[PDB]
Amino acid sequence: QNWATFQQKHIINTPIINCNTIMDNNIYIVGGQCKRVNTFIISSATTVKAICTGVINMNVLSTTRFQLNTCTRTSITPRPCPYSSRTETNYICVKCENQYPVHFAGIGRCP
């Protein structure tokens, strides 16, 4: 929804493949239940922010390729919920507002 929250939800400095431990956080409880999917971007925050340099309001596909780990919920259970992991290197689409990434829009292409 904003840069600060986007960072907390998506950006990590080092690779953490265990989706089960990293997804066990209050920030991932949408609508009472555990969030269905969340993609982590292994990168410094500065480079992710740079996707939006000079962009006031629009979805932008990065020109930088990132190492990613997407965590997908396999079932709805009491916390912590079980998650599967999918790692890949790809470009990402983020909503840029006032030169800041504020929402993760997709992998590989913008909607």
Side-chain angles (χ1 to χ4, degrees), residues 2-35 37-111:
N2 38 255
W3 177 226
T5 308
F6 175 101
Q7 295 180 70
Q8 197 180 317
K9 287 177 181 171
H10 303 288
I11 302 177
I12 51 174
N13 297 277
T14 60
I16 301 177
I17 308 301
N18 196 327
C19 282
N20 289 140
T21 58
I22 195 171
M23 286 304 295
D24 183 26
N25 189 105
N26 289 55
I27 198 171
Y28 299 121
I29 304 301
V30 186
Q33 50 185 294
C34 50
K35 194 175 187 182
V37 176
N38 187 263
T39 297
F40 287 97
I41 305 167
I42 297 77
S43 170
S44 67
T46 302
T47 297
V48 176
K49 179 185 180 303
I51 294 171
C52 298
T53 303
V55 186
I56 308 300
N57 183 46
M58 69 172 82
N59 282 160
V60 178
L61 182 62
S62 67
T63 53
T64 298
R65 219 166 64 125
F66 297 97
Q67 182 179 182
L68 314 172
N69 178 27
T70 295
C71 298
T72 306
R73 184 187 64 195
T74 69
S75 178
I76 299 176
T77 67
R79 64 179 299 176
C81 295
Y83 287 82
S84 62
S85 167
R86 177 185 169 63
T87 59
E88 68 178 292
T89 301
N90 211 165
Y91 301 101
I92 60 177
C93 182
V94 296
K95 175 72 195 297
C96 292
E97 283 180 20
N98 195 53
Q99 297 186 267
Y100 286 111
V102 301
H103 172 257
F104 191 82
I107 302 173
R109 65 188 296 291
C110 288

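Nothing fancy with the numbering, it's 1 onward along the sequence. Side chains included, hydrogens not; waters and symmetry mates left out as well; all remaining heavy atoms used.
Considering every non-hydrogen atom in both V102 and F6, the closest pair reads C-CD1, 3.9 Å. Of all heavy-atom pairs spanning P82 and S75, the tightest one is CD-O, 3.6 Å. Residue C71 comes nearest to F40 through the heavy atom pair SG-CE1, 3.8 Å, listed as atom of the first residue, atom of the second, then distance.
Within 6.0 Å of OH on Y100 lie no more than 12 heavy atoms contributed by other residues, nucleotides or ligands.
A distance-only check finds no donor-acceptor pair linking the side chain of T72 to the backbone of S84 [under 3.5 Å]. In this structure a side-chain-to-backbone donor-acceptor pair under 3.5 Å is present from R73 to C34.
Between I107 and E88, the closest side-chain pair of non-hydrogen atoms falls below 4.5 Å. Taking 4.5 Å as the limit, some side-chain heavy atom of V48 sits within range of a side-chain heavy atom of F66.
Rounding to the nearest 0.5 Å places CD of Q99 at 5.5 Å from CD1 of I56. Distance OG1/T5 to NE2/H10: 9.5 Å, rounded to 0.5 Å. In this structure, CD on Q8 lies 10.0 Å from CG on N2, to the nearest 0.5 angstrom.
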| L68 and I41: CA distance, side-chain angles, deciding distance, side-chain contact (heavy atoms from CB on, under 4.5 Å) verdict | CA-CA 5 Å; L68 314 172; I41 305 167; 4.0 Å; yes

| said: Does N98 form a side-chain contact (heavy atoms from CB on, under 4.5 Å) with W3? I'd like the steps, not just the answer. | reply: CA-CA 10 Å; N98 195 53; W3 177 226; over 6 Å; no

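Taking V60 as the reference, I51, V55, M58, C96 meet the side chain to side chain contact (heavy atoms under 4.5 Å, CB included) condition, with sequence neighbours excluded. Every residue two or more places apart in sequence or in another chain that forms a side chain to side chain donor-acceptor pair (under 3.5 Å) with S85 is listed here: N69. In this structure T77 satisfies the side chain to side chain donor-acceptor pair (under 3.5 Å) test with no other residue, sequence neighbours excluded. Qualifying side chain to side chain contact (heavy atoms under 4.5 Å, CB included) partners for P78, counting only residues two or more places apart in sequence or in other chains: none. Take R79 and apply the salt bridge (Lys or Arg N to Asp or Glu O under 4.0 Å) test, not counting sequence neighbours, and it matches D24.
Summarising the hydrophobic clusters (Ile, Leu, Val, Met, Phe, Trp, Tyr; side-chain heavy atoms under 4.5 Å, direct or chained), the residues clustered with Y91 are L61.
The list of side chain to side chain donor-acceptor pair (under 3.5 Å) pairs with a residue in residues 40-57, not counting sequence neighbours, reads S44-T47, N57-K95. Sorted pairs that involve residues 102-111 and meet salt bridge (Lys or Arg N to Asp or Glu O under 4.0 Å), not counting sequence neighbours, are lacking altogether.
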For residues 13-23, which side-chain N or O atoms pair as donor and acceptor with protein atoms under 3.5 Å away, sequence neighbours left out?
from : atom 1 : to  : atom 2 : distance (Å)
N18  : OD1    : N20 : N      : 2.9
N18  : OD1    : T21 : N      : 3.3
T21  : OG1    : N18 : O      : 3.2

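Placement of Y83 and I29 in two distinct hydrophobic clusters is found when ILVMFWY residues are connected by side-chain heavy-atom separations under 4.5 Å, directly or transitively.
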